[PDB]
Structure formats: C-alpha cells, structure tokens
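Here's the structure, in structure tokens; my notes come after.
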2 protein chains.
Amino acid sequence: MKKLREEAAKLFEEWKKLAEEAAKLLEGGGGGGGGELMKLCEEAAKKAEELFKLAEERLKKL
Amino acid sequence: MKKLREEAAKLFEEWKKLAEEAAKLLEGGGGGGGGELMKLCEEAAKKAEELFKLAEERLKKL
C-alpha cells in the first residue's frame with residue numbers, strides 16, 4: 001500500500017545498471033577465458049541481490 | 001596515458017553517485033525518528049568504497 005516501496009527497489013537496479021556496463025570496460029570486449037576483472041565488478045552487483053532478500057521483509061510487512 | 005585499470009577505479013564512483021541520489025528517494029525529503037531504510041541503502045555504497053582497498057592491492061601490486 002505504498003509507492004516508495006516499489007520506487008526504492010527500482011533505484012537499486014540503477015547501480016547494477018552502470019556496474020553491468022562497466023564490466024565490459026574492465027574486460028575490454030573479448031573476455032571469457034581468463035577475465036577475472038569482469039568477475040570482480042559482477043561481485044559488487046551480486047551483493048545487491050543478497051541484500052534484496054533481507055530488504056524484502058523490511059519493506060514487506062508480514 | 002591511462003588504458004583501463006585507472007578508469008575502473010574511477011568508474012566505481014559512478015555507482016556511488018546514484019546511491020546518494022537514491023537515498024533521497026527512499027527518505028522522501030528527510031529521515032526522522034531513526035530509519036534503517038536509509039542505513040541499508042548506504043551499506044551498498046559503503047561496500048564500493050571498501051573494495052577500493054582490495055582493488056588497490058590487486059590492480060596495483062607494487
């Protein structure tokens with residue numbers, strides 16, 4: 001019954017948006033084999049996914 | 001000068017940039033009476049700053 005709930009959740013994606021695009025710059029373009037630089041960046045965006053689990057109940061009253 | 005390594009460390013700021021703006025959308029003007037929602041949004045951006053330390057030793061061995 002709120003509007004900020006869905007709004008905030010959307011802002012969280014904004015961060016991953018730039019992070020995903022940056023992953024390509026860290027790898028160059030033809031990554032795949034030994035591209036750890038791409039994994040380091042993705043790790044940051046991965047954290048946002050783990051937090052969403054907790055924030056879910058924080059915004060969703062049981 | 002530069003190639004990508006240094007560019008990466010600078011890109012990390014991009015995320016934080018949106019993180020600060022998101023805090024205003026989650027607070028909707030201001031906090032008041034504590035508010036963990038604002039502290040949770042900061043944690044995400046806090047990790048990025050903490051990663052700079054690990055990335056410094058990685059990208060830059062010395």
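Identifiers in this document derive from the order of the structure tokens: chains are assigned A, B, ..., residues are numbered from 1 separately in each chain, and ligands are numbered from 1 in order of occurrence.
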
What are the closest atom pairs, with distances in Å to one decimal, for all residues of chain B lying within 9 Å of chain A? Consider only C-alpha atoms, order rows by chain and residue number, and present the result as a tab-separated table.
```
residue	atom	partner	partner_atom	distance
B:4	CA	A:26	CA	6.6
B:5	CA	A:26	CA	7.4
B:7	CA	A:26	CA	8.5
B:8	CA	A:26	CA	6.5
B:11	CA	A:22	CA	7.2
B:12	CA	A:19	CA	8.1
B:14	CA	A:18	CA	7.3
B:15	CA	A:15	CA	5.1
B:16	CA	A:15	CA	7.8
B:17	CA	A:15	CA	8.9
B:18	CA	A:15	CA	6.5
B:19	CA	A:15	CA	7.0
B:21	CA	A:11	CA	8.8
B:22	CA	A:11	CA	5.9
B:23	CA	A:8	CA	8.5
B:25	CA	A:8	CA	6.6
B:26	CA	A:8	CA	5.6
B:27	CA	A:4	CA	8.8
B:28	CA	A:4	CA	8.1
B:37	CA	A:58	CA	8.1
B:40	CA	A:55	CA	8.2
B:41	CA	A:12	CA	8.4
B:44	CA	A:48	CA	6.9
B:47	CA	A:44	CA	7.8
B:48	CA	A:44	CA	7.2
B:51	CA	A:44	CA	8.7
B:55	CA	A:40	CA	8.8
```

- Picked from chain A by DSSP as alpha helix (DSSP H), as an MDAnalysis selection string: chainID A and resid 4:27 36:59

- Atomic separation - CA of residue 57 in chain B relative to CA of residue 20 in chain B, Å: 26.6 Å

- Item | Over all C-alpha atoms paired in order - RMSD of chain A on chain B | 1.6 Å

- Message: Between CA of residue 60 in chain A and CA of residue 13 in chain A, what distance in Å does the model show, to one decimal?
- Response: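 According to the coordinates, CA of residue 60 in chain A and CA of residue 13 in chain A are separated by 18.2 Å.
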